Structures are given as C-alpha cells and as structure tokens.
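Report on the following structure.
These values consider heavy atoms only, across backbone and side chains, with no hydrogens, waters or symmetry-generated copies. Lettering follows sequence order; numbering is per chain, from 1.
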Amino acid sequence: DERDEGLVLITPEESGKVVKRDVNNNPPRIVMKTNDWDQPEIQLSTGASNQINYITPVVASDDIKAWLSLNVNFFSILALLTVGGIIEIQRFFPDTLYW
Amino acid sequence: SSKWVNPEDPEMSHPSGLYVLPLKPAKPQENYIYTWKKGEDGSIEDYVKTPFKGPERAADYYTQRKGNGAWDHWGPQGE
Amino acid sequence: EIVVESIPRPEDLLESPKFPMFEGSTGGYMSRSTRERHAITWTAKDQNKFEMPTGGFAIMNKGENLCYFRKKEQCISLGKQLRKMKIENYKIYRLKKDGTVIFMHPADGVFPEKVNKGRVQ
Amino acid sequence: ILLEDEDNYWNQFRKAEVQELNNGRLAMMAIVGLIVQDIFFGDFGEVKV
Amino acid sequence: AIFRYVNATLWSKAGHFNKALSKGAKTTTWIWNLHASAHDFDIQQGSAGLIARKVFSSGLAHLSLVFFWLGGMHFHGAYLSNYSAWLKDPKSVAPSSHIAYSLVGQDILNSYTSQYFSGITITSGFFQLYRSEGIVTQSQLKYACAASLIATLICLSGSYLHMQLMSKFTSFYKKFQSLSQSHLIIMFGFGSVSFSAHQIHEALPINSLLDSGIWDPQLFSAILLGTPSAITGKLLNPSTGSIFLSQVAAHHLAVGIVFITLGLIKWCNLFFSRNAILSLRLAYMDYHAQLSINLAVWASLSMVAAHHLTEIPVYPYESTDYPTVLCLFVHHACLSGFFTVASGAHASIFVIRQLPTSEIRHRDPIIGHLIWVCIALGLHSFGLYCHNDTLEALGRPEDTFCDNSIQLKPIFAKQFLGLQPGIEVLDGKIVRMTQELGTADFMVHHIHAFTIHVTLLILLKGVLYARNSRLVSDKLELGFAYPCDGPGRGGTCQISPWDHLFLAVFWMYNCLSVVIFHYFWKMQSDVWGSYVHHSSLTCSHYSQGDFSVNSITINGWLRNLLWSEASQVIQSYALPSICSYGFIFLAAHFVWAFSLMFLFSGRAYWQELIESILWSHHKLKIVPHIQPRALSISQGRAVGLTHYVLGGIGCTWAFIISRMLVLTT
Amino acid sequence: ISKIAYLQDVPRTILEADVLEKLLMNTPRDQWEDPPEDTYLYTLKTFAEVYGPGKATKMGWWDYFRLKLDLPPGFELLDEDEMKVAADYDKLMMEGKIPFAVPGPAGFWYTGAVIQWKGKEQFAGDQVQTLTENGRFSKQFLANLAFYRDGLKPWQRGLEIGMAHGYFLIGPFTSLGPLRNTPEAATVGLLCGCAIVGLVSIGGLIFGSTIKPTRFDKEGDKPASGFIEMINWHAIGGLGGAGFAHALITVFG
Amino acid sequence: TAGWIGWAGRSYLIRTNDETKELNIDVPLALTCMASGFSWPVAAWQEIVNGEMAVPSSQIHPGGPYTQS
Amino acid sequence: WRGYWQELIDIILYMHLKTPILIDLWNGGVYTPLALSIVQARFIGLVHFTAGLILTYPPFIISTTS
Ligand SMILES: CC1=C(/C=C/C(C)=C/C=C/C(C)=C/C=C/C=C(C)/C=C/C=C(C)/C=C/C2=C(C)CCCC2(C)C)C(C)(C)CCC1
Ligand SMILES: CC1=C(/C=C/C(C)=C/C=C/C(C)=C/C=C/C=C(C)/C=C/C=C(C)/C=C/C2=C(C)CCCC2(C)C)C(C)(C)CCC1
Ligand SMILES: CC1=C(C/C=C(\C)CCC[C@H](C)CCC[C@H](C)CCCC(C)C)C(=O)c2ccccc2C1=O
C-alpha cells in the first residue's frame, strides 16, 4: 500500500512504547483490525498529525468498464439508444407521409 | 425390534410406528367437566374439575371414539 | 429396556416442581374442549431462556423439566430448540384421555436421524 | 384474581385505593355543595365548555 | 475515516451484499432475489455497525433525492411556468408549470392556461405555496432552486462521507435521549420559531401588498396590521379566502415556544411517569420498531394534513383552486394508508427479529374481539346500504334509511368552531361552507370505520401471530417473508406476516378508495360550486347536492358518482386538456386487469409453460445459461398487488382530475 | 472491579468516573471480562487499552471528537430505579402475574394492580384468569344464569329463558317492521316474534337430537331428555313472553 | 430487423456458452455479433440446410414422463 | 389463500369455546370448523367469478335492447 508508506504503524500493544516520528514528522499511528470487509483496518492518531488522508474513492477505468459491461447497463444503453432513434425518426419524418 | 404387533397384518409393522409399549395408569382418569363449586361460605371457584357419570355429549359420533389411534386401529396393545 | 415415565395427567398435576417458569398465554391447550395431551420431559444443566411453542417465553429449571402441549408438532418443535441448546435427554409422550402414556419421539431411545440396528424400512 | 400482598414495585393497589377514596370524598362534598347552592341561589355550577 | 476501501470493483459483482447470492446467476430467481434483498441491510454481509452505516447513509441519500426533486419543482416554476400570470390574476389562469413536447401530435396535451402560455395544469398547490412564502420573482424562484440543488449536493456528500466516517465503535445513533431532545428543541422548536420569523419578516409585507394590489419592486424589496380581533379561522381574508398569514406566523411562533418548553421540561425531568413507558423504551430500541412507529406517526399526520389542508384554508386561493385542494387531500390520504400498512409490516418484522411485548400473550382475545367488531361493523354499515337498495328497488322508499324515511341522525357529530351563520365566497366560488351531516354521512362514516377496522385486523393478526400460532408453531424459524409452510394441515397458504401485509394493502386501498369517493362526492354536492344572488345566495353545486339523496344506495354511488361523473374522463379524447387523462384512465383499467393474472394464477403453470417454451429454444440451440424460471410465489403476489393498486389508483386519479379540470374550466 | 485491567484508572477524559460506574452497573457483570463488539463497554475497553497512563497520552482532535461522540453520556444509560422497575416487571411476567393494564386511546393505562394471569392449569390457555370471566362477580352471575342456576328443573330453565327471549323479540318487528305504521303493527310483530321463537326452538331440538347434551339429564334417563325438555319449555316461554309483551303494548298504548 | 436481432443473440449465446458471460456481457463480442447479424438470412438458411441450426429432439429434454418406466 | 383464513377460524373457534353458554353445549369435536381447502377455495372463487361475470351481462343486454 503506497498511501501509508513511510508511516509508523504501531499495533495496539505497542501504543505509547514507540514514539518515533514519521517521515512527515507525524507521531506513530495505532492500527486496529475491525473485522469489517468495508473497513478492514482503522488507524488512530497518537497526537496532532500532518498527513494526507484522501476522501476521494479509488475508481479504475477497468472497474467502470466492467460495471458498464454488466448486462443491465449494456441493455439499458441499447434500449435508450433505440428509443431515442425512434423518437428522432418520429420528429424528422412525422405522420409517415412517405408511406 | 418393535414390541408393537400389527393386528391386521402380523408381517407388517404396527401402524403406530413406535417401539415401546404404552404404560397404563394405576387408576384410569374418569370423565369430568370444569364447572363452578360454590364454597358454602359465599366463595365460588371457576374451573373445578368434577366427575361426570357418562359422556358429556351422547351423540353416536362422540361416543364411537375410543382414542386408541387415528381410527382406533391399534391393537389391544394400544391400551 | 426403555422405561416410560409416569407423566400424570395435567389436570391432576396442578403444581409440580418440574414445570419450568413460564409466563403463560391464551395459546395453551383448551382444557374444556380437549383431553388428549403431549408431555415433553427433559433434564437441563442450567436455566436457559427458551420460547414456548404456545405464546410467550419460559425458563427451564436446572434439573428435570416437564411441559404439556396439545400437539406432537409443538412438542417436537420444543425438542428441536432444546437440541439446538444441546439437551439430548428430552422425551415426548402422548397422554390419552384415561391417562395411558405412550412414549413417542425417541421411539427406540435413539434419535431418528441417527441410524440404529433393529430398524426396518 | 388480585394479589394485594405482592412485594413487587408494580403493585400500587394501595395508591389506587387511596386515589379512589380521596376522589370520592371530594366528589361527595362537591355534589352536596352543588345541590345546596342550586337549591338556595339557583346556581348549578354552570360549565363553560 | 479510511476512504481507500471504497472502490468500483464491487459495482460489477452485482450481489456482493447477500451471501445467498454467491452462486451468481444460475437462474432468473437470482436476479429477482438480488433486487428484493438489495436494501435489506439487516440480512446482508457485515456487522451491526455496517447496518447502522448503511441505514444512515441511505437516509441521507434519500434526503438528497428529495432535495433534487424540490429543486426541479422550483426550476420548473421559475422557467417553465405561468407563475407570473397566475400571481397577477390567480382566478383566470390555472396553475401550470408543466409543458409537453409536440413529438407525435403530443402538443395536444398542452391546454390554454393563459394568453401566452399553453401547458398542463398542475395540481400540487406549488403556486399557492410560493405565494404564501412570498416568492413573487423569477430571481427568487431561481435562488430557491439553487438552494435546493446545493442541499442535494450537501446531502449526497454527507451520505458518501458517513459511509466511512462511522466505524464499528460509532454509537451516536443509539443515543435516543439526545436524538429526541435535539429533534424536539432544534428541529421542531427552533425550526418553527425561525419559520415564524421568516413569515413575519418576508411573507407578511409581500402578502399584504399582494392582497391590496400593489406590485411595486421597491415595496417588494407592522405585524397584525389588517387582522381584526376575530378569532383565527372565524374570519378568512375577504380578498384571498384563507386564514391570515400573520395568524399563521403567530401560530408557528407559539408552536415553537411550546416545543421548546416541552423539551426543556423533559430536560429538567419534570415529566414523571417514566415507568409506564419504560417497558416500551426497553423493548422498542430497534430499527424496525422505530421505523414502524415513525411510519404510523407520519401516516396519521398525513391524514390530518389531508383533512386540514381542505377544511382549514391557509394557502392563498387554494380554497378556490378546487383541483389543487382535491388532489392534495387525495394524495395525503393515500400516503397515510400506505405508511400505515408499512407500520404494520415493520411491526411484524420487529416481532420476528426481536422479542415482542407482553400484549402478544393474550392475542387470541384481542384478535377475536377485533374479528367480531369487524363483522358487526361491516354487517350493519354495508347492510344498511343493501337494505336501501333492495327496498328502493321494490318500491318502498318509506322503508329505507334516509333523511325523508327512517333517518340515522349523527347526534355526536357536533360543531366546535362556533362559526357565524352563512358561507364564505370569493369571486363566484364557495371558499368555505359548513358540511351538514345526515343519514348519508352516518352511513358513510360507519363504512369508513368498518374498512379501517378490517385493515387493522389484518395488520394486527400478522403482527401478533408472526412468531407462532396453533396452525404452525415454528413460524419464527420460517422467518418473515415465506410463501407458506406447505399443503399440509389443510393448507398453510399466506400464513406469513408478509402475506398479511399483502392482504392489508388490498384492504387499505379499498378503504382509501371509499374515502376518496366520499370526499369527492360530498365536496362536489354540498360544498363546492358557484352562487347566484343582508344578501342571500342560492348555491349551485357542481354535483347539484345529490349526495344526500343518492348516496344512500350503492346504485346511487354507481350511477351518480362513477357513471355520471365519468363523462369528463370518458369523453376526454377530442379535448386537448384531458385527452391524456382519458388515455391514462384506459391504461390504468388495463393494468388493473393485468394484475389479476398474477393475483389468481400460480407458479407451477408458468414454470411448466416456460419449460415447454424453452424446449424450442434448446431445439434451435438458443440455450440461456441463466435458466428461465417462473416468478417465486411471494414475488407473484407482490407483482399482482403492485399492478392492482397502481391500476386502481390511476383510474381514480384520472377520473377525479379530469372531472375537476373540466368543471373548473 | 480491580481484577479488570482496562477498568483500572481509566482517564477522566476518555470517560467520566460517574458515567463509567453507571455503564458498568447497566452492563451485565459477566460481560465485563470481554464485552460484545457493539457495546459502549467494548468501545471503552478498546480505547482504554490504547490510551491512558503508560500509553498514548495524546489524541488527534478528530479522533477524540469521534471517541466522545461514540462513548455514552450519563443520561443515556438507565438509572438504578429504572433498572429495578424493569427487573420487577420481567420477574412478575415470568412468575405468571400480570401488572394489570387496560388499553386506552392509542395506549394502555396501568391500574396499579397485580393479577394472577396463569390459572390452575398452567399450560391451559382456557384457564388464564381475567376479571371478566374469573372474577367473583362474573362467576356468581354466570352461575346464577338460568342455564346454570342450581336447583332448577330443565323446564324452569327453558321457561325463564324463553320468557325473556320472546318478550324482547316481539319488539323489533313491532317498531321497525313493514307494517309498523299500520294498526296491526303490534300483532304482526307478535306473530313474527313467535315465529322466531319457534325457529330457534326447532334449531335447539335439532341440536339436542344430533349432539345430545347430557348435562341436564336425570340419572337413568334417555340422553338429551333434559335438554329437549328445556328447549320445548323455551318455546312455551317464548310464546308466553311474546304474548305478554303484546298485551302490555296493546293495553298501555 | 427481427431476424437480425434473433441471429445476433443466438450467436452470442453460442459463442459464450456461460452464465457468467450471460450476466457480465462481453461487450466486444456482443458488438461483433450484432454487426455480424446483417447476413442472417443467408447464414440461417445455410445452417438450416447443413444441420447446424436444429438439434435432434433426442438431445434435449422432451418433457415430463407420461408412462411407467 | 387458506393459511390466513385457517388462523382466523382458529381464533373464532377459540372465542366460541370461551363463550360461557356456548362452550357447555358445543364442544367443537363434531364437524370442527375449518378453513376451506386450497382446491375448495379455488373452485368457490371460480364459481363466484363465473356467476358474477355471466349474470351481470343479461341485465345489460335486456336494458339496452328493450
Ligand atoms: C340452549 C338454548 C337454546 C339453544 C339453541 C341452539 C343450540 C340452537 C342451534 C341451532 C342449530 C344447530 C340450527 C341449525 C341450522 C341449520 C341450517 C341453517 C342448515 C342449513 C343447511 C344447508 C344450507 C344445506 C344445504 C344443502 C342441502 C339441503 C342438500 C345438499 C346441498 C346443500 C349442502 C347445499 C335456545 C336459543 C333454543 C333457547 C335457550 C336454550
Ligand atoms: C347490559 C345493559 C343493559 C341491558 C339490558 C337488558 C339486556 C335487558 C333485558 C330485558 C329483558 C329481555 C326483559 C324481559 C322480560 C320478560 C318478561 C317480564 C316476561 C314475562 C312473561 C310472562 C309473564 C309470561 C307468562 C305466560 C307464560 C310463560 C306461558 C303461559 C301464558 C302466560 C301469559 C301466563 C341496559 C339496556 C339495561 C343498559 C345498561 C347495560
Ligand atoms: C404471468 C405469471 C408468471 C410468468 C411471468 C413472468 C416470468 C414475468 C416475465 C418477466 C419479464 C421477462 C420481465 C421484463 C419486463 C416486461 C417484459 C416489460 C414489458 C413492458 C411493455 C410496456 C412492453 C409467473 O411466473 C407467476 C408466478 C407466480 C404467480 C403468478 C405468476 C404470473 O401471473
């Protein structure tokens, strides 16, 4: 994990025993396992810290492409395009005067 | 290994499908009904089980039932 | 080899130490209109809270406990719950109108799911 | 079916009884006063609902 | 706090939340189960902390959705509406912030609302709401829309953040004392005081100027100035036909003060009877218990809103905007019914998942007496109608129950407003008129009581017999939503609380349809209409006062209400205004009939038909590996119920709205 | 207690002493060792094992804010009196006694009385006690009904019941019948009431011929003889009561 | 057009032969089949003639058993 | 369908057996009331549906053609 590289991540057993500062000069952070699939680990601060904690989610173009490949998005896009095409045909050639 | 013996067809198993013969009581319970029992001092009880000489309802349908089985089809061992 | 318990008629056994501590409800058997009963007797190492098949909850005595119901279905459901609690000594009896006691559920003393010798299809 | 001598907290039957008696005594005095005042001064304690 | 675990990888898994969906897509039942259990956060993978996380974040996301909808309403009012024409002359111009395209001749839907505007007449009362709020400019409406969109974005951000801010240690959602105190003092008390301030400082001057006739920008940008000593509600704005907005502002100030006082006495512990409610406090600290209680509270408040929005006029010109008041009443009554059946459902779920209260231990007497009261109420109330029908058909009106014949006077229906004699009118319309109660009102009210009691019977039976019953003793093991226990013991169809709701919804819909018809016919016959000239007016009502004479018979309901008043919707095809309403009438009839398919048929026939059909696909090598399956039993019931209710509601909606639109224009 | 490491010298900032005492009192004793995951005590244990003397003596502002958000305040936990009241309630219900309450408007009131909910037969749902059926007044009233009264012959029972039934039955037809406004309203109502008495007595005869109740029968008598006698005398009494009501109506207008 | 839709679809199903591909569409292959379905008349007649369209009824489930086995 | 109605019938039977006078005469043992079986209810609902549908037309045709 690149986000926490250079951070001193102490287990709860070592809390207070380790006081070495981080690469960013922050104090060590206590890491705990939560047994939650959504948040497997949570970190607490031993003191005031100056560190980057991104709130944006990690989204990959491959993941987005897989989600759109899901049959629902594929067929919904197909049906939306078809409905738009029929509506535009009705707009451009109303009343079927050619027939 | 079932002690029950089928009355209708000895080769087959008993319809009950049990393996231990029933236990008869020392004295069978006698027919009773729940009624009031005025206490003779102004009191009165609500559900007092009191003896009843015969069937509470003498209909043939009621009296034909012996409780031996679903159709009273269990042999003498049922009692 | 199996011994059938006395299991006195519920109308005769008004108060017994065996009966577990339960709340009571209108879901119990109708005493005025029915006479056939089913008794379930088990032994518990500790008082575990359990749900009566007839309405509310109950607390089983440490030692011998006895309960009365109207249907083998109620007795068997309570027995399944006891088995979940790891009480394997429970027995079920059918009580006729006249007091005859018929040992029913562990018919041969071995639970039906477990194979036993002397059983024929 | 009542158990007056029950040592539970939810056994305020004495409270209920005393409430009954006090309200009844007050109502006795009130009704006698209303009747007397109506007979004397024609005042029946008109209510302004 | 750790946002590195939120990735779009799970978006394509489609079923990660439910462990029972691990064997992905072996049949179409898998798709249906995915959808059914999508939002059942309790049975999903995770922990209680995750359940709380999902519940709160979903609440915030729905808040954002509602804010988006409100912002869209404001935008439509600002840019796609005739609000300017309506404000200057509300009577002549019908409200319309709704415009349709000219795709396939669809421009016919737009109807004449003003000289320069053509569109669809709206019935939500949003124009009256804006007028009450003091919104009189496109800029004001635009900034309201901007505020709504900003609130939408804020709520969306809050949901996304709280999905990770709240950890397994999070417990702020279990602080019921803090939650209730904060909501009572700030959300309600301070909210009401602040809205009273808003009214006093913005709406009162603007509304007074509008009533006078002033439309000056400088004025638009001295309380109790015009209100006399007359009790509020006893004197309506002569130029607007609604309660004085200064009286409304004083009401909100008083309500906020009362809420703050209640909160403060609770804070000081002045309330003493805590023990009487301690049992409920311990028992009902559950998601579903709170959901049921809140749903019932909001259902009752919605019904009270439906009644008061019409009986007590507070919005400008909403009293004379007959389509608006009718639609508001009907909408809020329907919401009341739906949220009440919801409360029943989640009460059943709470009973299944948690220990019930001790009133479940004498459930047999409760439901038995409810059954008896339902039977007696239905017998008497509906058999009075049947007696009237039979006797009138035989030719003996003197033997029927009516005002002229045997009459059932509602002695207990007594006045409390103490209004002055007469009616209140505003520009050729009856803004307010006393409703006179007689035999017809007696009969219809007892029909209402009967239907309410039967719906309550179904819901209460489902709640009380959820854990077990004489029939099946392991209903708790079976769960909440199962189709049956089997064909045994005679047959155990629809023994589940889910099915009890499935029937209570039918009964709620029946009750609400009767309520809607009663309100509609009574208002048309005895309240709404015009007048023809101390002055005495002869009031010409839209239905001509036929409720009191014809409503006493089911034939009268069928003829004078459905057949007679369906002339507008049935003959709406040529008319540009309501041709859409006629088509929706027809389509709703179709959908309602189509629901009977699922309501009557069964799973096995369709499964066998699907297999026979799939034979040909396999023959031609069209092998769908998501094997087609017939809808489950519970799903078939749900689909049938949804289509049934939607079709019935659509028919009623189109019928009433067409009638009102045509009559008022 | 002293044997619990994390409960020793918990810093005041993490949790106040009084609130900690209240939380321990509220929590079951057996859970102090290792509380379940979703409990205030579990949160306190997890955070006291990491923070306090001999450990991290500082916390980030946001971490401390969240800790104070998710730890309980004093007023959130139950009081001694509240816990006692709840325990007494549960003990009563489990013992089979019910703190009497009557439903009111969207709720129920507590009358302050403790009743014996369970009857003589504990497992019998027919025997649960209620004032309506098991009170002294109700017992005496039902026992003194004609159907039940002691020392009554079946003919006496039937005669009294029928007198009552016919006497009240004539009235509905007299007042609300088709001929209620005609001069023969009372007589037509009497005829209709006698017809109703006859129909119900025929139904009772069918009941006694099919089910044959034997509670009124004398010893050594045909089954259902007493019941049939009672039903016949109910028919007689219904005729008599209907006639008496009609006579009173006619004589006194 | 309808034969185009049917052919495309049948061709995707034959090419994929997997419930996982049925659920998560292989969009490249799906588009390829959609484009290829334009010659469906000739392709379908050729497959019908050559026996690649229909399989013998003995290779598929006939239905429920109507007699004793 | 049948389960709801069977439970309702059970409650009604409980009320009848708890009624003071009726219990001492009617045990419920003979012809014990029960909810209609699944097939019985299917048939009864079909009969009601058919009767209503068929019999509501002749009145209409007579009214319109007379
Ligand atoms: C104690 C007493 C009493 C009692 C009573 C009773 C107990 C009654 C009962 C009764 C009854 C118990 C009755 C019965 C009835 C019946 C009915 C109502 C029937 C019906 C039927 C039907 C409906 C059928 C039909 C049919 C035919 C015929 C043929 C074939 C087909 C069918 C099935 C359809 C009295 C009041 C007298 C008086 C006082 C004393
Ligand atoms: C709950 C309630 C109630 C109720 C009541 C009732 C239910 C009543 C009843 C009543 C009745 C129901 C009555 C009756 C009476 C009767 C009578 C009074 C009769 C008499 C008779 C006679 C006298 C007869 C005689 C004779 C005979 C028997 C035969 C031969 C001939 C001669 C004539 C001799 C009330 C309303 C109060 C109100 C409160 C509550
Ligand atoms: C019809 C029916 C089916 C068969 C119905 C099925 C399988 C539903 C078909 C689902 C389709 C594939 C979903 C796609 C949506 C529609 C095709 C949309 C049509 C929209 C129109 C406007 C074109 C059941 O399985 C069933 C089960 C239990 C009780 C009743 C019934 C029942 O009534």
Side-chain angles (χ1 to χ4, degrees), chain A residues 59-99, chain E residues 8-15 24-32 34-35 101 103-104 610 613-629, chain G residues 1-57 59-60:
Chain A
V59 188
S61 38
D62 266 32
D63 283 338
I64 294 301
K65 286 195 295 236
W67 170 62
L68 292 170
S69 279
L70 203 66
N71 56 317
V72 185
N73 309 295
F74 180 90
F75 288 119
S76 309
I77 284 156
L78 187 152
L80 266 151
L81 263 46
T82 299
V83 168
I86 304 146
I87 283 163
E88 296 294 352
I89 262 57
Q90 284 331 294
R91 178 147 79 126
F92 276 51
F93 314 137
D95 289 345
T96 88
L97 314 179
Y98 38 85
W99 198 39
Chain E
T9 185
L10 276 190
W11 285 12
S12 89
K13 303 298 172 218
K26 297 294 178 251
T27 57
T28 64
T29 308
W30 178 94
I31 294 154
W32 294 127
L34 171 87
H35 292 100
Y101 292 140
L103 187 37
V104 282
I610 285 170
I613 286 153
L614 180 75
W615 176 93
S616 43
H617 295 65
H618 284 7
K619 179 96 181 113
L620 296 174
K621 296 184 171 188
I622 312 132
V623 176
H625 273 77
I626 302 187
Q627 311 183 59
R629 289 283 190 269
Chain G
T1 302
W4 190 322
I5 302 167
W7 204 240
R10 181 179 180 274
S11 57
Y12 179 81
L13 284 182
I14 279 152
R15 306 255 186 292
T16 46
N17 222 60
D18 185 30
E19 57 243 60
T20 71
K21 298 251 194 177
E22 209 158 330
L23 187 68
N24 283 277
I25 301 298
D26 180 1
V27 176
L29 182 72
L31 266 51
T32 284
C33 305
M34 291 211 291
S36 313
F38 88 96
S39 65
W40 80 258
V42 184
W45 182 247
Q46 262 173 344
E47 270 183 342
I48 285 167
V49 165
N50 294 292
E52 312 138 28
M53 168 80 84
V55 296
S57 306
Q59 296 194 25
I60 53 174

Rounded to the nearest 0.5 Å, what's the gap from [atom1] on [X] to [atom2] on [Y]? Could you check?
X	Y	atom1	atom2	answer
A/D63	E/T9	CG	OG1	4.5 Å
E/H618	E/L614	NE2	CG	4.0 Å
G/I25	G/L31	CD1	CG	11.0 Å
G/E19	E/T27	CD	OG1	10.0 Å
A/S76	A/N71	OG	CG	8.5 Å
A/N73	A/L80	CG	CG	11.0 Å

Considering all heavy atoms of both residues, which atom of [X] and which atom of [Y] are nearest to each other, and what is their separation?
X	Y	answer
E/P628	E/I610	CB-CG2, 3.8 Å
A/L70	E/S12	CD1-O, 3.7 Å
G/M34	G/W4	O-NE1, 2.6 Å
G/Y12	G/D26	OH-N, 3.0 Å
E/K621	G/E52	NZ-O, 3.2 Å
E/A8	A/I64	CB-CD1, 4.2 Å

Sorted by first residue and then second, give each salt bridge (charged side-chain N to carboxylate O under 4.0 Å, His left out) pair with at least one member in residues 65-89 of chain A; sequence neighbours left out.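 Found A/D62-A/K65, A/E88-A/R91.
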Quick test of your reading: applying salt bridge (charged side-chain N to carboxylate O under 4.0 Å, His left out), list the pairs with at least one residue in residues 30-40 of chain G, sequence neighbours left out, ordered by first then second residue.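 Salt bridge (charged side-chain N to carboxylate O under 4.0 Å, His left out) check on residues 30-40 of chain G returns no pairs.
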With a 4.5 Å limit on heavy-atom distance, are the side chains of E/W615 and G/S57 in contact?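 With C-beta onward as the side chain, the pair touches.
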Side chain to side chain donor-acceptor pair (under 3.5 Å) contacts in which one or both residues fall within residues 32-45 of chain G, not counting sequence neighbours: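 Pairs touching residues 32-45 of chain G that pass the test: none.
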Would E/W30 and E/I626 satisfy side chain to side chain contact (heavy atoms under 4.5 Å, CB included), going step by step from the backbone distance to the final call? CA-CA 9 Å; E/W30 178 94; E/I626 302 187; over 6 Å; no
Residues in side chain to side chain donor-acceptor pair (under 3.5 Å) with G/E22, at least two apart?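 Residues passing side chain to side chain donor-acceptor pair (under 3.5 Å) with G/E22: none at all.
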Under the rule for side chain to side chain donor-acceptor pair (under 3.5 Å), what residues qualify as partners of G/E47, not counting sequence neighbours?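 With neighbours one apart ignored, the set is G/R10.
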Look at the rings of A/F93 and A/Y98 and say which category their plane angle falls in: under 30° parallel, 30 to 60° tilted, over 60° perpendicular.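 Aromatic pair A/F93/A/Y98 classed perpendicular.
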Residues two or more places apart in sequence or in another chain: which of them pass salt bridge (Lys or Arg N to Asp or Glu O under 4.0 Å) with E/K619?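 Here no residue qualifies.
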Check against side chain to side chain contact (heavy atoms under 4.5 Å, CB included), A/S69 and G/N24: CA-CA 6 Å; A/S69 279; G/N24 283 277; 5.5 Å; no
